[PDB]
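Take a look at this single chain in structure tokens; it is the form deposited in one PDB entry.
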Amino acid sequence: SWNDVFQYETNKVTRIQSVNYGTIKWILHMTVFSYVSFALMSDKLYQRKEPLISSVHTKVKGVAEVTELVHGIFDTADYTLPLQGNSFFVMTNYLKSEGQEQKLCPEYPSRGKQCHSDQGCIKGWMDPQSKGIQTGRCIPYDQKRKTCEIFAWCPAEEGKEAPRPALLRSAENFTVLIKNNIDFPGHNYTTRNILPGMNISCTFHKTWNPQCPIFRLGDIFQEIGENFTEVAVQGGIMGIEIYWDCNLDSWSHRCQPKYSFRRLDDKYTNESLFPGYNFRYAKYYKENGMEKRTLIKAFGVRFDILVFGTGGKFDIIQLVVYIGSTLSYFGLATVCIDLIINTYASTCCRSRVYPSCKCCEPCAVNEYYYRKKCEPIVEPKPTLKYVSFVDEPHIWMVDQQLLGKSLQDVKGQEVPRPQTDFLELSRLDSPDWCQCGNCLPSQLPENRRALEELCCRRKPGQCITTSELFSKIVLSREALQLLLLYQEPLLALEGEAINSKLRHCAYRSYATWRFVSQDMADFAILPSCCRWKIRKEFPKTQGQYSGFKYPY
């Protein structure tokens, strides 16, 4: 319990002393570190970002003189609405109509709205274009043309084109002072666009005076290539963008506004979609006991102040999350070099690639790395068997069911014989499937008999048992007794169990000798000749030999 949680597991590793792999690893590590640092610093991913809340206060300055003969002056109480926040309006043109009473009168002829006769007109129809209700009559607007008769404020001048050139062109010489107060409430920071010690006699310039909050309207239009004289005729919408890219860290504090301009209304608006910008405003006051009204259609530019931006401040959680996101990228060197080792250890490299390209020859050392790095094993299953023929240099793995066919004729995968422990070695008639002649028929049941139908060689020749090594290793009683006493020093050498143990040790001795690996010697199957020679050397009394058994 306690000893199970008081454990630490660490990976077994191979440390390769390689110039190429070391330099590749360090180059990849430096590349990953450089990119991660660059992404962290350029994007400021260690910071929490917060949008601002903004308040705008505008002040327009400028007066204009207009003739018609009546000479008048327009000041901020004339061309400017009480709007002093995000939007302000400057009038650049106007149309006047005095003395309007709600009564029947002909509509203004605009865009060919002339009425030929009462048939061309329609009674009881609401007309938003003329802002009246047609009575179905056709009275002459003028001595030449006739228009529909509407009940509305009269006289009506709807559809009259705006004066050209614009009357209040001098509005391009007006200036606006903009005061912008911004706040980041999450970061608990506030600031404004006008600081103490700032020059007040300046006007904004994108290069000379980029922080002066006083803007000449004509300069605003000239900056983005717009014609104030042309826009003044019908009006439009212009946007003054204030951008706050604010760094709220003490060591890199920077919170200044950036001013830009952008036309917000479509220059190519369809004629039916009301191009430009205007509004009709009226003063109402009855006279002679009759409701009167004076109407002015004012054209001008609406200015929208768009204030946006974010403020960033160092946050530990953001940095931790970013570092955790980038941590897995430092396995790139491992992935790349392991891919190099695995790829160049394949046999297809030496067979096909190396003869073609001799530059790839010194990279055959990856087979050594692969065999010092990976240990291939197979699943121990009931059908797993290993055979080895003395007339062959390799070993066969049979990993399929035997459907009565003898194990001799069954084919399997070719696996190589592992190299032995040379450190220790440095010390001082016959059946149809039998190609050696010493094999004997199996005494196992029929359905299992094919398991024991194996020969020591695939081709006719001498038997493995004929060699002196078979007697020295497998059949030597003294060697087997010493091996058995190594494990159990005080073993009782009496009874029939000693012969059973001796048979087991002879089988193992043979499996170890022919199948070097203990993983393969466990599932190795002895040929009939060796098996029956062993059983003739150590016979059992009153029983039947069990044969190979599954070690799991």
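Rigid core here is just the name for the largest C-alpha set that superposes within 1.5 Å across the two forms. Numbering starts at 1 and follows the sequence shown.
What comes next is about the form deposited in another entry, which is not displayed.
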**Request:** Would you indicate which listed residue, out of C456, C115, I395, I178, moves its Cα by 2 Å or more between this form and the one not shown relative to the superposed core?
**Result:** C115
**Message:** Relative to the superposed rigid core, does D519 relocate between this form and the one not shown - that is, does its Cα move 2 Å or more?
**Reply:** no
**Item:** C-alpha of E488 off by 2 Å or more between this form and the one not shown on rigid core
**Value:** no
**Request:** Pin down for me whether the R477-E494 Cα distance shrinks or grows in that other deposited form relative to this form (closer or farther, change of 3 Å or more).
**Result:** closer
